[PDB]
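Q: Could you have a look at this structure, given as structure tokens, before my questions?
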Amino acid sequence: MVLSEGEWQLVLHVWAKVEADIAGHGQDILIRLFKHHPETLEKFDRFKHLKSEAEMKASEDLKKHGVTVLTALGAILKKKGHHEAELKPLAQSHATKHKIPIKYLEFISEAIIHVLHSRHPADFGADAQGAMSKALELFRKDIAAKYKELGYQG
Ligand code: HEM
């Protein structure tokens, strides 16, 4: 839904590349998020001490968390927009426990795109970028709707 089936197939085709190396993509994505938008580490007390990209790359905790994040995102993307049941617990924790504003979800979406462009430049063209961007945008829109239901000013 929202995306055409053909657009979803571009998304899942790019996502298969992510699934070939989930921990590597998750490390890169979190490091890119924290390096570009260091204010986002205010949400991760446990990672505030990491002093360099090298230390971040060597952190097993950070790696495991990237796996957690991308595993959850892959399950969402594979539902192709019919992701109500996967999004419910995620919106709950991120609105009420972690308190993640929508703008931080935009930042991590931009980091996902950047990392895919860095890791797959010869197999991540304009249509694949546009489709992944639409899919992440839909994810954010539906999170925002749940945020509102929950009373959280995202
Ligand atoms: C693609 C977007 C995201 C996905 C799919 C995702 C997914 C997850 C999942 C599955 C968990 C573990 C279970 C839970 O608490 O719900 C988690 C934990 C958490 N997430 Fe997210 N997340 C995303 C974005 C973010 C962003 C952008 C931030 C902060 C800027 C953030 C902050 C946190 C924190 C603080 C935790 C707890 C970490 C800990 O255990 O120490 N999340 N996330």
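Numbering starts at 1 and runs along the chain as it is shown here.
When the header is checked for method, it gives X-ray crystallography, 1.9 Å.
Cβ coordinates are placed from backbone N, Cα and C, and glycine is handled just like the others.
The following feature annotations were taken from Swiss-Prot:
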type: BINDING; residues: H65; note: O2 binding site
type: BINDING; residues: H65; note: nitrite binding site
type: BINDING; residues: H94; note: heme b binding site
type: DOMAIN; residues: 2-148; note: domain 'Globin'
type: MOD_RES; residues: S4; note: phosphoserine
type: MOD_RES; residues: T68; note: phosphothreonine
Q: What is the three-state DSSP composition of the domain 'Globin' (2-148), stated as helix, strand and coil residue counts?
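A: Secondary-structure breakdown of the domain 'Globin' (2-148): 121 helix, 0 strand, 26 coil.
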Q: Which chain-mates of the residue listed as 'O2 binding site' that are at least 6 residues away have a CB under 8 A from its CB, listed by sequence?
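A: Looking at Cβ-Cβ distances below 8 Å from the residue listed as 'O2 binding site', excluding near sequence neighbours, one finds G26, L30.
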Q: By the count of other Cβ atoms within 10 Å, pick out the sparsest of the recorded positions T68, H94.
A: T68
